[PDB]
Each structure stands twice: as structure tokens, then as C-alpha cells.
Amino acid sequence: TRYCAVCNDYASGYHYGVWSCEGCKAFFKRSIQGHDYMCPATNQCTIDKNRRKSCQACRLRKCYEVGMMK
Amino acid sequence: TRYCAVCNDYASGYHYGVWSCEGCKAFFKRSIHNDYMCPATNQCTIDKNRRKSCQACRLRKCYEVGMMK
DNA sequence: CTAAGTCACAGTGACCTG
DNA sequence: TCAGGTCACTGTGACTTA
Ligand SMILES: [Zn+2]
Ligand SMILES: [Zn+2]
Ligand SMILES: [Zn+2]
Ligand SMILES: [Zn+2]
């Protein structure tokens, strides 16, 4: 009930079942809406305030890991 | 056939002293004063489908391959 | 030819509507 | 309150001009 469970940025509220920022909220929104994300490395990127935009594959992976649901 | 020295995509021509696709050419141009951060460990596999994801490793490779500002 | 500009296009997220 | 939209901002790269 404070920080984003996905990128650890200031979370706005409870979105999709986890406390998240508007960024991760919108991201999951679109991801479940319809999109192929490609990880530029080893499917183990560090998702945070300044890396979430870089890897969409690991960001989505994390969205699910932390509990977000459709 | 020529391939982009940075991302292996079909190169458009010889840009900045190296063979590059239009993407890496414009990117390099834009970069030269952007400071980037790799999402992983600075060893990304930069190709057509991932060059947009890591900008740090893209610019790294731009210099590595000999692109001159 | 390449350098350099151009601009439609697509993702992001802060804000808005329901 | 949150889901789902929205749209200005921005980076991209294919194409145009010099
Ligand atoms: Zn977040
Ligand atoms: Zn990744
Ligand atoms: Zn390239
Ligand atoms: Zn990288």
C-alpha cells in the first residue's frame, strides 16, 4: 500500500489486484488488451522507474509474477 | 549482402564510416547527448526486434563498430 | 552516393470518463 | 474507489532534400 509492486515507483492505487503506478497499470491494461514482446537479453531484466520502458517482456512477466490478473 | 554492423538488419548504405540500417544511422545521429541505461547487464543481443528495447547497448555497439560523430 | 531533415507512426503514463 | 479511455509527449525509421 505505497510503492509499485512492479517497478517500485510511487504507486497510485490498487490496479488489477496489486498496488501499482499509472505506468504499470496502463501497461498491463494494453498487454491484456492485445499486443509479441521481445526481451533484449536473458528474460531477467531489472524492472524499475528507468528500465520498465526498455523491456516489455520482463515487465509483463513481472506484472503477472506480482499478482496482476485480467 | 550488407548487414547493419550494429543490429544486423539489412544495411541501407555506408553511414558514419560503417554499414548501417536507417535505424541505427538515425539513432546514432540522435544520440550524439543522450545517456541511456541497460535493463539487463550491458550484453544485450541487439537485432531488428530488440534494438528499440535497449538503447544503452545499441549506442555501445555504435561506438564499438566504429561509428564516428 | 551519403548527410541531414522530415514526419507518420506507435508506446507511454498522467489524466479523464464511466 | 478502480477500470478503461485518452491523448500530448516522445523515439523510431523510412523516405526526402541537399
Ligand atoms: Zn510501476
Ligand atoms: Zn528482459
Ligand atoms: Zn541497425
Ligand atoms: Zn542492454
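First the proteins, then the strands, lettered A, B, ... as listed; each starts at 1. Keep in mind that the numbers below use all heavy atoms, side chains included, and drop hydrogens, waters and symmetry copies.
One atom, NE2 of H15(A), and another, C1' of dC15(C), lie 12 Å apart when rounded to the nearest Å. Taking atom NE2 on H35(A) and atom P on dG11(C), their separation rounds to 11 Å, with Å as the unit. A straight line from CD1 of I32(A) to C1' of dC2(D) spans 13 Å, rounded to a whole angstrom. To the nearest angstrom, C1' of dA3(D) lies 15 Å from CH2 of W19(A). Taking atom CG of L60(A) as the reference point, atom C1' of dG11(C) lies 15 Å away to the nearest angstrom. Across the protein-nucleic acid pair, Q33(A) atom CD and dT6(D) atom P stand 12 Å apart, rounded to whole Å. For the pair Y16(B) OH and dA3(C) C1', the computed distance is 7 Å after rounding to whole Å.
Side-chain atoms of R30(A) stay outside donor-acceptor range of the base of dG5(D), with no qualifying N/O pair under 3.5 Å.
Regarding contacts with the backbone of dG13(C), every side-chain N or O of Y10(A) stays at 4.0 angstrom or more from both OP1 and OP2.
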Reading nucleotides 11-18 of chain D from 5' to 3' and marking B where a protein heavy atom lies under 4.0 Å of the base, S where only the sugar-phosphate is that close, and - otherwise, the string is SBBBB---

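Contacts classified as salt bridge (charged side-chain N to carboxylate O under 4.0 Å, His left out) and involving residues 38-47 of chain B (residues at least two apart or in different chains) are given here: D47(B)-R50(B). Pairs of residues two or more places apart, or lying in two chains, that qualify as ring pair (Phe, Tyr, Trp, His ring centres under 6.0 Å) and include a residue from residues 36-55 of chain B are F27(B)-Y36(B).
Evaluation of the side chain to side chain donor-acceptor pair (under 3.5 Å) rule for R58(B) yields no partner, not counting sequence neighbours. Contacts of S12(B) classified as side chain to side chain donor-acceptor pair (under 3.5 Å), with partners at least two apart in sequence or in another chain: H15(B), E22(B). Listed by chain and residue number, nothing satisfies the side chain to side chain donor-acceptor pair (under 3.5 Å) test with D35(B) (two or more places apart in sequence, or in another chain).
Between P40(A) and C57(B), every side-chain heavy-atom pair lies at or beyond the 4.5 Å cut-off.
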